[PDB]
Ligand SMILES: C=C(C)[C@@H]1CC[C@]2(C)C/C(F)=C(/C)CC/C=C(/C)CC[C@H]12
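Take a look at this single chain, the form solved without the ligand, given in structure tokens.
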């Protein structure tokens, strides 16, 4: 009865264990990026304009809720380009809206030009092409894998196949390829473009997201959640699985520390900031 299953009995304990892991392995607290009133207004206006052709209406409160992940998960101390930062705010929010839509209502002809428009506004010509390609590939993947036997096979076989799918599907490759111009750091730029950046950070983002979304997703019949690979109703089976996932996170974080200082800060702020945002309110 997977649709009725729940990780609620482990909610507090898992939250505590995630935080303890971060404190032991990352140490540095993530800090939230503040936008001026004018910056937030510009982001919201661009969000509304991108989504208007689809006849979609979204409240300011919803935009602000969606943009939180960007505010908490970027790396404030390393920011050099706030135009690129605003682009990521806009692109994150509007693609989140796209992902939330009935796939029948997905109109690539109307939406793709809006993504292009955003990228051309905020990025230089080279970066605009990279960010747009990543956005395009992301939304196209989102569309392709609805009701796909490939999605079923990748998500039900093993944690290995599942995270391999989530590199794209959770949006982290897209995130890196739109976020590197924020930092203008040659090493990070290359790790983003090669997708090694996304590969290093996929598990830490996905494990946290999946834990806190499990109950809702399972009730909606969504299969893209690693905790569906264990019997959550069996306390000992869940605990062994959860520990294996913590072990995955730790191994990633410890390898992340081999990267240069700025790059590792960006990677760790992303994984840890995502956890803070997911868990807030």
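Numbering follows the first chain given and starts at 1.
Although not depicted, the form deposited with the ligand bound is the subject of the following passage.
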Open item on the list: Give me the residue from 99, 133, 83, 120 that has a heavy atom within 4.5 Å of the ligand in the deposited complex.
Closed with: 99
Open item on the list: Between 115, 200, 155, 170, only one gets a heavy atom within 4.5 angstroms of the ligand in the deposited complex; which residue is that?
Closed with: 170
Task: Joint contact, 69, 92 and 209 to the ligand in the deposited complex, by non-hydrogen atom at 4.5 Å - done: yes
TODO: Indicate whether residue 175 is a 4.5 Å heavy atom neighbour of the ligand in the deposited complex.
DONE: yes
Task: Distance check, residue 266 to the ligand in the deposited complex, heavy atom within 4.5 Å - done: no
Task: Any non-hydrogen atom of residue 138 within 4.5 angstroms of the ligand in the deposited complex - done: yes
Open item on the list: With a cut-off of 4.5 Å between heavy atoms, is residue 205 one of the residues that contacts the ligand in the deposited complex?
Closed with: yes
Open item on the list: Using a 4.5 Å heavy atom cut-off, which of 255-263, 21-29, 8-16, 268-276 contacts the ligand in the deposited complex?
Closed with: 268-276
